[PDB]
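Please read the structure below before turning to the comments.
Because only heavy atoms are used, hydrogens play no part in the values below, and waters and symmetry mates are left out as well, while side chains stay in. A note on names: the letters A, B, ... follow the listed sequences, proteins ahead of strands, and every chain is numbered from 1.
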Amino acid sequence: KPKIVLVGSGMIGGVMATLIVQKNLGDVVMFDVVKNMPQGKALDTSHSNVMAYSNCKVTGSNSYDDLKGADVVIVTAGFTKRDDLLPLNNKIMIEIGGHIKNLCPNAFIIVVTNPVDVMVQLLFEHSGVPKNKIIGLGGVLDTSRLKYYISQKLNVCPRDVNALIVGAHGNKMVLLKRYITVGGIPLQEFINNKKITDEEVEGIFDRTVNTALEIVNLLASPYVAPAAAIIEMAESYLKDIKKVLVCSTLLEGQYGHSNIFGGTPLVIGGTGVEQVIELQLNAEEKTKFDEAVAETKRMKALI
Amino acid sequence: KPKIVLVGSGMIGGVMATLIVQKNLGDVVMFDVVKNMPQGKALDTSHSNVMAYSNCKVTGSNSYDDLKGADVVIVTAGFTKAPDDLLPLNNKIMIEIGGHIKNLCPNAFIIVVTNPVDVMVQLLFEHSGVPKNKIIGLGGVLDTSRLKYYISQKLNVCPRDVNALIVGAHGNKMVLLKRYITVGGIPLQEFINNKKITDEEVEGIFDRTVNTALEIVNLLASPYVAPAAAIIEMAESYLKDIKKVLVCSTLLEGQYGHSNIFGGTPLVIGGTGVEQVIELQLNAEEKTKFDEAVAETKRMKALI
Amino acid sequence: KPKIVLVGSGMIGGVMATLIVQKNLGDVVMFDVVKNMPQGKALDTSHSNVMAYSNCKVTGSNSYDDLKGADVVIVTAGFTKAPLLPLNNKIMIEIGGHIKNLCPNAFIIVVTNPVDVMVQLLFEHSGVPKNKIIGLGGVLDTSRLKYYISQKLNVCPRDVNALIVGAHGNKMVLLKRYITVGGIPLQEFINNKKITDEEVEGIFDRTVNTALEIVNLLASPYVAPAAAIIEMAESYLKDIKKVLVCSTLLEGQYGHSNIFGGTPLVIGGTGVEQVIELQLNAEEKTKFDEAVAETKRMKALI
Amino acid sequence: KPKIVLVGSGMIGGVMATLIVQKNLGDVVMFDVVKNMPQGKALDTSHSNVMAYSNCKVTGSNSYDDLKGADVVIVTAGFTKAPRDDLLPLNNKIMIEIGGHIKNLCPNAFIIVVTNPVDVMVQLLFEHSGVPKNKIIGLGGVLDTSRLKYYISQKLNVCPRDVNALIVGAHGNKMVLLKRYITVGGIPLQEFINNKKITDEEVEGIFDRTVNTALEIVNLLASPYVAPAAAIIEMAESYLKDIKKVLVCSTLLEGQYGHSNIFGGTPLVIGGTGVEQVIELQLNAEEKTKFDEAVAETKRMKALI
DNA sequence: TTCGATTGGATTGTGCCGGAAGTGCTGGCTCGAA
DNA sequence: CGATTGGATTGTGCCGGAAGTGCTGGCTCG
Ligand SMILES: [Mg+2]
Ligand SMILES: [Mg+2]
């Protein structure tokens with residue numbers, strides 16, 4: 001049975017453990033540097049095996065030694081209370097990286113800690129894992145927002161909207177209007193039929209970009225959709241589903257960029273990243289991609 | 001709890017009943033004119049509730065009276081032939097079933113499978129009196145399942161991450177719209193440009209899709225698992241108000257320039273039945289193919 | 001599509017909304033008296049429809065008006081105390097008035113503690129039929145018992161079956177005689193020394209004190225409670241007719257009337273379809289009496 | 001991704017491949033000695049990955065070569081009618097052949113035998129394949145008890161899975177139905193009998209129906225394959241996902257119930273290493289006698305190969 | 001001897017804890033680094 | 001000269017035509 005270690009047992013970590021039990025995906029270690037809290041969350045969550053008809057062990061840990069034998073490692077831990085946080089979190093990535101190198105070098109790694117396109121590269125470098133075995137959360141979450149908003153305007157099933165958002169997670173994310181479909185049909189056909197206007201689409205783009213802030217302004221925090229997105233990625237690996245999912249991955253010349261991680265459609269299968277798909281962007285799209293990657297580079301230079 | 005009546009309990013009916021219990025979608029009546037056989041199949045299937053943790057009653061019936069109170073009616077009954085003399089026989093069958101739906105469950109959502117489906121669904125529509133948004137025919141979900149699958153195996157992605165539209169009619173004149181294929185939301189043409197798959201291979205896959213039933217029958221098997229799964233995807237989208245976009249046969253009222261006939265097109269299936277009929281903005285060549293499919297449907301409608 | 005209203009959008013509410021979308025069970029209104037927060041949680045949760053391939057509307061509300069047309073109402077609101085009767089009574093009065101006015105045909109699940117009192121108060125003030133309102137208790141408590149036993153015997157957790165009756169709280173009645181494993185009496189595993197009588201007693205104590213244990217570990221128990229509640233709600237919404245131990249109005253069972261208590265029930269499409277009275281021996285009956293007496297005692301303090 | 005080889009692609013095999021795709025459990029090889037048909041079934045079934053959102057390869061095979069690297073092997077192949085005890089040597093022959101291949105090609109596979117009489121055939125395949133006793137079991141109790149559980153649940157109007165029951169000894173007419181061990185929502189059946197929700201006579205009628213179910217279905221011009229396939233997949237899934245379900249299956253007895261060197265139906269725990277526990281029920285005298293009779297019939301047939 | 005307390009969190013805040021008030025925080029404590 | 005442990009509508013080694021809730025004439029393989 002797979003061993004899944006959640007490095008970070010905060011809000012997103014907790015929902016991830018709950019979903020893993022629901023789906024009977026594997027044993028779970030809820031790790032946190034904070035004492036006792038993850039053991040308490042783990043004890044609560046373990047009882048839900050009964051309701052789920054599952055059998056996943058869910059335990060808490062405050063020791064990185066429990067990374068031993070992990071098949072999947074999901075990193076959410078890090079400071080959130082700004083550029084000033086960058087060296088702090090770098091420190092954490094170094095620490096985690098060391099342990100991965102020593103304890104679970106064959107693990108598949110998903111990084112969530114923000115800014116994710118920086119943090120995922122730092123952990124890649126410090127852990128020594130292969131480029132096909134480490135990715136960052138970005139596109140699956142962002143595009144879930146876009147797909148959902150469009151679906152609500154057009155009154156269709158959310159999953160039947162497809163869309164691509166690339167480059168980076170965060171305010172520089174590249175929303176590609178040209179690549180939106182509904183039930184396989186170009187969005188433009190629905191714009192032509194006046195079911196949705198270009199202005200409404202732009203409003204939805206802005207809302208997609210601003211969604212985390214919208215949720216925080218309402219005195220909540222985004223963790224349910226992020227957790228679900230991360231588990232969709234992990235499951236595609238663990239069950240070798242080969243879903244196309246937009247994640248942050250090492251660029252080796254794609255879009256004209258190297259030595260940097262960026263969001264792009266990827267195929268996630270049993271061996272990890274099995275394909276990196278490079279979209280055939282036009283010049284304005286490429287300029288937006290360049291600006292996203294430039295912001296990632298700028299922040300990386302500040303660690 | 002929804003009542004689902006399977007009018008026809010052959011091999012497709014057996015798989016549909018199995019899947020309904022797996023998904024705990026509703027009580028099932030397995031109807032057939034053949035005596036005792038559907039009672040036997042229903043008895044076998046009912047025990048699988050234990051393994052599924054479901055609670056769907058599954059019963060067999062040789063009486064149309066059990067259509068009473070049906071929320072969903074799926075019609076697979078009718079004479080078959082391996083892949084025109086059937087048109088009058090199956091017309092008479094649609095008349096009989098229609099009379100019973102009209103009198104026993106006029107509010108049911110109807111899914112027609114009986115071939116040639118684009119003709120038979122209109123005949124049942126006419127003799128049942130149900131509203132145009134409450135009856136559809138199986139076509140696109142099945143055919144596109146083949147297309148999506150074959151492409152996905154050449155590109156090494158999850159089969160459902162391929163999207164495709166096949167329209168017009170269910171049969172040899174099905175319109176396969178190359179322009180509308182995507183993979184993980186990306187136009188297929190980008191994969192052709194990168195030589196991940198060629199134009200010629202896609203042509204070969206179109207031909208294989210059209211001829212898949214024949215391919216399976218030549219291998220001494222009968223296609224019924226994929227058809228059953230497609231039908232249950234449709235029925236579930238209605239029962240759970242999911243509003244999936246699914247290509248099915250529906251009454252055309254001017255779309256693509258045609259009226260008074262049923263044809264395959266993308267539809268939204270929700271709690272009120274067909275909620276939207278989506279007309280694709282086809283170019284001239286695509287429209288010519290659509291025309292040919294609907295013309296074949298018309299040709300056959302003239303032979304009942 | 002069913003409409004499910006969560007009256008209370010705290011941490012248990014959040015997990016319930018998450019699970020409802022995962023299972024595509026119905027549209028969800030997350031209500032709370034706290035402004036803006038439930039709209040935020042609802043927004044976050046709504047996006048998970050994509051990942052789940054579901055289509056549930058999830059919205060937030062600070063208005064009881066949105067109870068209108070609810071098929072299921074789950075009440076978790078109320079003041080809490082870490083491991084108030086008049087306060088939460090006033091809340092049950094308010095909510096009850098709105099259910100009576102806006103959704104009198106809803107199926108009601110009460111979680112607000114002490115649950116066996118609060119469920120009766122909401123029953124009285126809402127006017128809903130006795131077969132349409134129950135309290136959370138047994139499904140959660142027995143999930144603890146079943147889990148701990150399964151981990152000592154190394155079997156799938158749900159293959160342990162057990163009944164805990166009477167009340168949800170320290171006076172819960174743990175029926176050792178009714179525990180089975182893969183359908184086999186627990187006593188056979190004790191005879192074979194796969195588990196001891198003493199270990200079973202230690203597990204009973206742990207089950208009773210699990211909320212305290214979780215709080216002592218600096219966490220709040222809300223995942224398993226949310227899952228238990230959704231199992232109950234789902235049994236109603238899909239007419240599954242599961243046997244689930246819940247708090248229900250007693251009308252003579254176990255020698256008691258005019259009070260709610262935990263007993264095995266059948267939950268189906270019409271609500272509580274059967275109330276099953278266990279054939280308890282004298283000792284078990286005395287424990288049941290103690291649980292109910294505590295519920296009555298507290299009911300006198302509203 | 002696990003490799004599941006279906007040795008036999010008839011009615012039960014077909015439904016098993018359908019369910020494996022529905023549950024995304026693994027790649028499937030539909031083997032049969034009959035040419036072409038399994039390739040056809042596999043082609044049809046493979047398209048259902050789209051509707052199921054799964055990604056299982058489903059292929060057909062007429063060669064035992066494809067047992068290579070199997071993680072799970074499910075054996076339904078064998079004679080069911082004359083080309084009756086006369087079938088026993090024929091099927092023995094088949095078990096010999098399969099066994100050789102398993103030994104050479106997938107000795108680490110988990111094996112589920114369905115070919116009837118299962119309690120005999122499973123031991124023959126055990127002997128000829130050389131796999132460990134914790135890696136091979138026979139279908140029996142999960143199916144038979146699904147019948148008993150279902151009929152009881154319908155009389156009492158509860159969820160079928162909330163009825164628990166144990167049927168032991170052998171899969172066939174000598175199956176041992178244990179009234180003492182029936183519970184409903186975890187409550188002893190006797191409480192429902194005391195409450196006149198169901199009578200002792202009705203329970204006896206249901207026991208008879210449970211024993212007679214296969215015949216009842218055949219008499220109605222059908223054949224049992226949906227519930228058998230579901231039962232088999234429940235067993236296989238408990239192995240593949242390490243669920244550690246308690247499931248009644250046919251397993252090698254080494255003294256339990258007073259028998260050795262024979263397979264019989266008993267509650268087992270199925271986990272990631274195979275049979276993790278064999279649970280011996282503390283049967284009373286009458287129950288143990290019925291168990292004895294079941295095992296005696298298995299031995300009688302085993303003596304005729 | 002002084003004085004801050006992990007990348008998390010219940011109702012409130014938030015190193016931990018009890019007592020208190022009641023849609024709701026802080027005064028007193030231990031441990032350990034500087 | 002009977003035909004793998006399977007099967008569509010029917011039966012059932014295979015295939016094609018025929019009739020129409022529905023089989024068997026003609027063929028070829030070792
Ligand atoms: Mg902190
Ligand atoms: Mg044969």
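F:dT10 and F:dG2: their P atoms are spaced 27 Å apart (whole Å). The gap from the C1' atom of E:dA21 to that of E:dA33 amounts to 37 Å, rounded to the nearest Å. Remark: the separation of the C1' atoms in F:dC23 and F:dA8 is 12 Å, to the nearest Å. Straight-line distance between the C1' atoms of F:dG20 and F:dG6: roughly 25 Å, to the nearest whole Å. For E:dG27 and E:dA20, the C1' atoms lie 12 Å apart once the distance is rounded to whole Å. Comparing E:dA34 with E:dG28, their P atoms sit 28 Å apart, to the nearest whole Å. E:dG9 and E:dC16 have their P atoms separated by 12 Å, with the value rounded to a whole Å. Nucleotides F:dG13 and F:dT21 are separated by 25 Å at their P atoms, to the nearest Å.
Nucleotide F:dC27 has F:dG13 as its partner under the Watson-Crick or G-U criteria, with both atom distances under 3.5 Å. Within the shown strands, E:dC3 is the pairing partner of E:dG32 under the Watson-Crick or G-U definition, both distances less than 3.5 Å. Nucleotide E:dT23: unpaired (no Watson-Crick or G-U wobble partner with both distances less than 3.5 Å). With a cut-off of 3.5 Å on both pairing distances, E:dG9 has no Watson-Crick or G-U wobble partner at all.
Residue-to-nucleotide proximity on DNA chain E shows that, of C:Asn216 and C:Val33, the 5′-proximal contact is made by C:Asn216. Toward the 5' end of DNA chain E, the nearer of the two residues A:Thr80 and C:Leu84, judged by each one's closest nucleotide, is A:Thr80. Residue-to-nucleotide proximity on DNA chain F shows that, of B:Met11 and B:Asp32, the 5′-proximal contact is made by B:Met11.
Formation of a donor-acceptor pair under 3.5 Å by the A:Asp44 side chain with backbone atoms of C:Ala224 is found in this model.
Anti is the classification of E:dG15, since its glycosidic angle lies more than 90° from 0. A syn base is found at E:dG13: its glycosidic angle is within 90° of 0.
Scanning all heavy atoms of the two residues, the minimum distance from C:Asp32 to C:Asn62 falls at O-ND2, 2.9 Å. In plain terms, the two heavy atoms of A:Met30 and A:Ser9 that are nearest each other are C-OG, 3.2 Å.
Using a 4.0 Å cutoff on non-hydrogen atoms, no part of residues 78-90 of chain B comes near DNA chain E.
Without both a ring-centre distance below 5.5 Å and an interplanar angle below 30°, F:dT21 is not stacked on F:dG20. Taking ring-centre separation below 5.5 Å and interplanar angle below 30 degrees as the test, the adjacent bases E:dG28 and E:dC29 pass. Both conditions of the stacking definition, centres under 5.5 Å apart and planes under 30° apart, are satisfied by the base rings of F:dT9 and F:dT10.
Reading DNA chain E from its 5' end, the first and the last nucleotide to sit under 4.0 Å from a heavy atom of chain A are E:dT6 to E:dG9.
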Evaluate side-chain contact (heavy atoms from CB on, under 4.5 Å) for D:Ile94 paired with D:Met121, printing each intermediate quantity in order. CA-CA 10 Å; D:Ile94 291 170; D:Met121 292 296 137; over 6 Å; no

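Annotation: side chain of B:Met11 is not in contact with side chain of D:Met11 (no heavy-atom distance under 4.5 Å). Within the 4.5 Å cutoff, the side chain of B:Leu87 has heavy atoms near those of the B:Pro116 side chain.
Because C1'-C2'-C3'-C4' is positive for E:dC29, its sugar is assigned to the north class. The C1'-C2'-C3'-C4' torsion of E:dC17 is positive. Its sugar is therefore classed as north. E:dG15 has a positive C1'-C2'-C3'-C4' torsion, placing its sugar in the north range.
Between D:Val73 and the choices D:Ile112, D:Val29, D:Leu67, the side chain to side chain contact (heavy atoms under 4.5 Å, CB included) rule is met once, by D:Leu67.
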